[PDB]
Amino acid sequence: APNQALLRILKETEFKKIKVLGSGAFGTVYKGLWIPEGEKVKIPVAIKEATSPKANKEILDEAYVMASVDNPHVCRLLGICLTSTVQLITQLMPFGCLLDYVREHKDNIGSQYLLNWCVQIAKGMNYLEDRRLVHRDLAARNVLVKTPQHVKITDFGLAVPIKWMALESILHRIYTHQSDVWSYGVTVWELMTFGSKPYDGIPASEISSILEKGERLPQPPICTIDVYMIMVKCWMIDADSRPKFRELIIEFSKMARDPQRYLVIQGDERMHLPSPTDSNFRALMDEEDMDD
């Protein structure tokens, strides 16, 4: 099954860095726009610049993975730039990572959005399953927010988050798709608790025997036993007894019809989050998921 992904090399005269969005280990990442020349099109992008000409290797590997996927709930690569420090041009996710998003707005997300995020993340995970790719670091941090109604997974297939890993990944370093549903169970617990740290007071070493013997995360207050039951089903030690992503899409999109039936958030009906208005820094030709 040939890979056949298309790796686009981009001209840096085609994109402009607007503001810095981060800096540190991996490198400085910029919010910017890409103008495919002769196309009369401006694309809001994120440009990940390598820390130094030595840290390139980590970038080109990331470019290999991102180019090899295509799903509405997986992050999209547009191209790379082979400068002195190579540049990684990815779709701009203006609202950041879902972890920071649920913490900042905790008092304005209703049940419709929580359950819709679970079904969307499960969709992307089901896609990475169909492609036989294992994420190995599924967390609330590695889920980026395009709009409050559209989220996409990121940082897939590249490699310690001990509190997110399944037991076979702990003791035996075994990473499969059923080890990913365990991480999926933790992230749902992350969202249902509005960005809480799993096993807050516990050190990393004690976790293995805590799970091996039989303890798990507690029940989120807003969570009914229905949504909490599938969270614990994700945390079985027997990977084959854990549910499948295909089933998690089904179960969640079901609760996504009567959301007040499965998540008790006081004031749920009064809550809401913004819509994609024409906010920018001028820009009358903007797109992103519509450029093909």
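Residues numbered from 1 in each chain as written, not as in the entry; some residues may be left out. Heavy atoms only, no water.

By the method listed in its record, X-ray crystallography, this PDB entry was determined to a resolution of 2.96 Å.

(A) A look at helix α7 (residues 225–233). Listed in full, the buried residues belonging to α7 are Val-227, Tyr-228, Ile-230 and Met-231. For α7, the angular spread of buried residues about the axis comes to 160 degrees, placing them on one side. (Buried < 20%, exposed > 50% of the residue type's maximum accessible area, 1.4 Å probe, protein only. Helix = DSSP H or I, 4+ residues; strand = E, 2+ residues; numbered from the N terminus. Arc of directions from axis to C-beta.)

(B) Molecular detail of unusual backbone geometry. The residue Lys-40 is not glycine, and still its phi comes out positive at about 60 degrees. Along the chain, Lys-40 turns up in the loop between β2 (29–34) and β3 (43–49). Even without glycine at this site, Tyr-199 takes up a positive phi of about 50 degrees.

(C) Main features of helix α8 (residues 245–255). Within α8, the full set of buried residues consists of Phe-245, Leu-248, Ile-249, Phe-252 and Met-255. Buried residues of α8, viewed axially, fall in a sector of 135 degrees; they line one side. Close packing links the buried residues of α8 with α3 (111–130), α5 (177–192) and α7. (Contact = heavy atoms within 4.5 Å.)

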